[PDB]
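1. with the input below, show me the fold.
(7 chains)
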Amino acid sequence: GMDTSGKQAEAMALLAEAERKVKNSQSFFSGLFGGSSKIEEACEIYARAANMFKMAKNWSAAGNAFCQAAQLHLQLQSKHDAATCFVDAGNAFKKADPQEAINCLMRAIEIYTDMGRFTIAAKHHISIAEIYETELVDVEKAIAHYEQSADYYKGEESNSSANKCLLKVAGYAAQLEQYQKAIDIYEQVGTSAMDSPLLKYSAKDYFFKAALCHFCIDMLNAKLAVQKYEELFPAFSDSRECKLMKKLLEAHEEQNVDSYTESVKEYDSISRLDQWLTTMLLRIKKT
Amino acid sequence: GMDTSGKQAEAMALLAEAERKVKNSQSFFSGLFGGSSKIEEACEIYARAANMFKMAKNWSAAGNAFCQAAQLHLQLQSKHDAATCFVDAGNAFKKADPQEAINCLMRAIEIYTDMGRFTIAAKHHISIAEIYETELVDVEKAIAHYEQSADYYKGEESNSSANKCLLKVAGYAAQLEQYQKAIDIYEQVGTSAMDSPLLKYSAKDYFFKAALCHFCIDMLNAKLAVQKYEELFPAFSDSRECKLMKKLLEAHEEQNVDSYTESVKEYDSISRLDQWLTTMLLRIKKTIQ
Amino acid sequence: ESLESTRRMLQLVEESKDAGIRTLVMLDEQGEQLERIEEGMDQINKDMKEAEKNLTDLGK
Amino acid sequence: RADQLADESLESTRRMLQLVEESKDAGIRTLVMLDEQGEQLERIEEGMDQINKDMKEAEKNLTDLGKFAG
Amino acid sequence: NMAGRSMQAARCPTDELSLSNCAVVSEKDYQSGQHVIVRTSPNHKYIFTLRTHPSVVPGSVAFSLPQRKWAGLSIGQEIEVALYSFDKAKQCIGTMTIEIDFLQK
Amino acid sequence: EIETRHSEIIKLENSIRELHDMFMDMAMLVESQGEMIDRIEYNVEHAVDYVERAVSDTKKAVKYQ
Amino acid sequence: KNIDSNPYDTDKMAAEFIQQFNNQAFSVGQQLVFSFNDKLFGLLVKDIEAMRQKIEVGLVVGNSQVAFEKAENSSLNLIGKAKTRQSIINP
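-> Residues are numbered from 1 along each chain as shown, chains lettered A, B, ... in the order given. What follows is the structure:
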């Protein structure tokens, strides 16, 4: 505890004799030119001082030590170790100040894409997208990161991860009222899920959400779209979702607020709704 | 996009570099005789060019470079690396040209089974069958591949995978091929689950399928097999499927198509179809006279 | 009383279904992942066996 | 009309009890199954990390020894 | 025009044009009275008589709701339009029967 | 008859509730397993890359000799 | 789409009209949209009288008085004094 704060003090001292190691780089390696292993052990003490900082809960100091160790170690050699150190620095910076974590993670992304390891790069892309979402407010950069990660995943036939990423992207775009992309993604994912016997039970929800998105833009073509969904999948009308949508669309033909109000209240009386659906219905049904 | 065009430009540059490198290596082997490092580094250049080329989103030449690098590598008595590169090239060609992908995948399968790995060979056989049937319209070669994969799985007591492969083979055969093999496979798999840990209540459906197949053959075989199963598996006595089958049998006995139609409609109303039972039931109804 | 009991039954059944569907999706993801990890493991095993044996033979 | 009421009600009790028992054995069986792969994958955790440490230290020491010889 | 061109479906700008049963097109694209065949697919062609309107943007053709629900059209959907010429000796309507009912209940 | 139906409804209520608990436990255990398999994937891939470059460097060093 | 059966007070409307349109030109037959209690109404000038000589075009001023009559066959329920019904017998 407190004595571990004293030992984090002597760990700043450890970084200080690492500074003496770079002073060796300045003057003494002229006679110790073969001491590349000396630089290696300097990097090791760098990393371990960073670990003592981390245990000491000094996130800024631990991240600084990690970044310095990565920079010293990335002497055009042992690149993967530098990437590990950079991602460790990014994880340390996740809490407290995460901004520079973004830059270090981007550098690691470049290193990995240079190596070709696309699963790690894409999961790091998801990480930066989610830290943007939870910490910052920008969504467009998150959307681009999600698209890039889904592209990498789909490159190696990793279909499910790309499907979930595209589902999130379509949800966000619908929140951002760009319905063409949302309907495209939802139709794609639904028609893919219905393909195999493991996911055919999900298709109903995707089709319902795509139907709502299409209905948002053009009332008239909504009937044709729902008919197309029904004929394509004979087992869709039975689902309560299709019946409810039919009730809402037929009620909209006549200007009766009640009809759909009690329709939605009755539907909610069997189960609670989420923010997305409630907000979408409130926005759309206003007119 | 700049990324693409740059990636293709440097890929062409690297391919030319690798070609001149291999030619200069042929020259140097006699000129200096440096061993084989030249060829190995040329193969490394080829692999880096091919991976950044598939990364450029262009596939066919990527797989071609993979195949060339694997060929030159196997030229130096290295097998497993060349076979892995073969597999990667086949995966790349999957979306470019089915024929070359199939060829490279068969090469990988033969060389692996020569090594002594069956499960990888069976997995590649299943992938070959999947690609063959999904886009190319044909079954018999797919049936053979599935049978081979199941055989290799059973060779290492992989009961579940072989069971699934044999069930799929029997289903396809019943769809198109004759029924005796379907009868045998379905009955064997169903009776091989009487003591399943989780699937104690599974074999029922299989037997029903068998029954249908038997009924597809003749009425007498249908009833005799139905009884045989009735004694063999007591629980099937109280299955809804048993009553449905008995009702259909007695209705078809008297030649009242209306009874059969109403029975099948009532079953569909209770339970949704599967798109495989409906075809067989339609074929049965076709022969009511 | 039976009416409200059946209301409860409906609610519980549909809730269990909805959550289980995602349970199955998760299990499918697990299965999907495991084959890739297996392939990587086998590749490293082969590479290590061949490399170490070649180095030992060269040592002679 | 009570005849069909009794018939459907007997059918309902039989099916509901049976179906509940099937769901129940299914679930209990599967839950008991899960723990096994739990600890199995734990033990691969440990075996793998031991492999990693050993091979890393071996390789670094061997590179140092090779530098010493050269 | 003669061969047919791609067009974007638009909503009718005025009630009168909706009641005219004519496709509303820009004077820059067509003239009023012109008979055009609207192709939504190889098997779906629909004949409309054109009526130009200044409010219609060039490259788009406006249709009323009954026309949209008859031809299965969507506002903003792409359609292919080629001018059509009648055989007046054969395509002039002598007698035609109309089913009529109150539009609004 | 009706008393038997009351017994049936009581039993069904009990079974449904305990089914709910079991399912929740299933979900918790499964998500834990997913997390930790993910960490193992990461470590295995890192080991693969490190050891491949290790063998490459060692063979190049032997070639230098 | 916004039709309702709620009562609309004509006297308050008249004050709002004077408040909104005071010192503005109005002509018989003119059509306009009026915002009243956050409700949009279509208004048609039917008759104009000078401050009782009849005029064709007039200026609305603060002391101008308003009398309302609902449109033919309209369901509007007008109350208050600023008014001036259908026969229960067929015409």
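
2. tell me where the longest helix sits in chain E.
-> helix E:65-71 (DSSP state H).

3. taking chain A, what residue is nearest to chain B?
-> residue A:116 (5.0 Å; CB to the nearest CB). For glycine as for every other residue, the C-beta is placed from the backbone atoms N, C-alpha and C.

4. please disregard the earlier target; I meant chain E.
-> residue E:42 (24.7 Å).

5. roughly how far apart are that residue and chain A?
-> Computed with CB to the nearest CB, to the nearest Å, the distance linking residue E:42 and chain A is 18 Å.

6. give the contact list for that residue.
-> The contact partners of residue E:42, by CB atoms under 8 Å, 6 or more residues apart in numbering or on different chains, come to none.

7. farthest residue from the center of chain A?
-> residue A:31 (50.2 Å; CA atoms, centre = their mean).

8. surely residue A:236 is within a strand?
-> No. Read with DSSP: H, G, I helix; E, B strand; the rest coil, residue A:236 is coil and lies in no strand.

9. hang on, it packs against residue A:228?
-> No. Residue A:236 is beyond contact range of residue A:228, at 10.3 Å (criterion: CB atoms under 8 Å).

10. report the contact partners of the residue sitting nearest the centre point of chain A.
-> Centrality entry for chain A: nearest residue to the mean C-alpha point is residue A:126, 2.9 Å, by CA atoms, centre = their mean. Applying CB under 8 Å, 6+ apart, one finds that residue A:126 lies in contact with A:145-146, A:149, A:165.

11. show me the contacts for the residue lying closest to residue A:237 once chain neighbours are set aside.
-> Closest residue to residue A:237 in three dimensions, ignoring its sequence neighbours and counting by CB to CB, 6 or more residues apart in numbering or on different chains: residue A:230, at 5.1 Å. Counting by CB under 8 Å, 6+ apart, residue A:230 touches A:236-237, A:242.

12. where's residue A:230 relative to residue F:41, distance?
-> 42 Å (CB to CB, to the nearest Å).

13. ok, residue A:76 next?
-> For residue A:76, the distance to residue F:41 - CB to CB - is 29 Å.

14. among those two, which residue is more densely surrounded?
-> residue F:41 (18 against 6; other CB atoms under 10 Å in any protein chain shown).

15. any idea how far the helix or strand hosting the more buried one is from the chain center?
-> If you go by DSSP states H and E, residue F:41 is part of helix F:2-64. Helix F:2-64 has its C-alpha centroid displaced from the chain centroid by 0 Å (CA atoms, centre = their mean, to the nearest Å).

16. do the same with stretch E:39-59
-> Taking CA atoms, centre = their mean, one finds the center of stretch E:39-59 at 4 Å from the center of the full chain.

17. between the two ends of that stretch, how far is it?
-> Terminal residues of stretch E:39-59 lie 15 Å apart, using CA to CA, to the nearest Å.

18. flag every buried residue along it.
-> E:39-40, E:46, E:48, E:50-53, E:56 (16 or more other CB atoms under 10 Å in any protein chain shown).

19. give me the subset of these touching chain B.
-> With respect to chain B, and counting by CB under 8 Å from any CB of the partner chain, no part of the buried residues of stretch E:39-59 is in contact.

20. mark which of those residues are part of strands, please.
-> E:39-40, E:46, E:48, E:50-52 (DSSP state E).

21. what segments of the chain are helices?
-> You didn't pick a chain, so chain A it is. A:2-26, A:36-55, A:59-73, A:79-94, A:99-115, A:118-135, A:140-155, A:159-175, A:179-193, A:203-217, A:219-232, A:240-252, A:257-270, A:275-285.

22. you looked at the wrong chain, it should be chain G
-> G:10-21.

23. up against chain A, what does it have?
-> G:1, G:3.

24. just the closest residue of chain G to chain A, please.
-> Closest point on chain G to chain A, by CB to the nearest CB, is residue G:1, at 5.1 Å.

25. that residue and residue A:254: what is the separation?
-> Distance of residue G:1 to residue A:254, given as CB to CB: 11 Å.

26. higher neighbour count, those two?
-> residue A:254 (8 against 5).

27. only C-alpha atoms, please: export stretch A:163-181 in PDB.
-> Below are the C-alpha coordinates for stretch A:163-181, written out as PDB (Å, rounded to 0.1, in the frame of the first residue of the first chain):
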ATOM      1  CA  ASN A 163     -23.500  -9.500 -39.000                       C
ATOM      2  CA  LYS A 164     -23.700  -8.200 -35.500                       C
ATOM      3  CA  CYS A 165     -21.400  -5.200 -36.300                       C
ATOM      4  CA  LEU A 166     -23.700  -4.400 -39.300                       C
ATOM      5  CA  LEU A 167     -26.800  -4.800 -37.100                       C
ATOM      6  CA  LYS A 168     -25.300  -2.200 -34.700                       C
ATOM      7  CA  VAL A 169     -24.400   0.100 -37.600                       C
ATOM      8  CA  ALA A 170     -27.900  -0.200 -39.100                       C
ATOM      9  CA  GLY A 171     -29.400   0.600 -35.700                       C
ATOM     10  CA  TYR A 172     -27.200   3.700 -35.400                       C
ATOM     11  CA  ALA A 173     -28.000   4.800 -38.900                       C
ATOM     12  CA  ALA A 174     -31.700   4.400 -38.300                       C
ATOM     13  CA  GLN A 175     -31.200   6.600 -35.200                       C
ATOM     14  CA  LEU A 176     -29.300   8.900 -37.600                       C
ATOM     15  CA  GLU A 177     -32.300   8.700 -40.100                       C
ATOM     16  CA  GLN A 178     -30.500   7.200 -43.100                       C
ATOM     17  CA  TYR A 179     -33.100   4.500 -43.800                       C
ATOM     18  CA  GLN A 180     -31.800   3.100 -47.100                       C
ATOM     19  CA  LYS A 181     -28.600   1.700 -45.500                       C
END
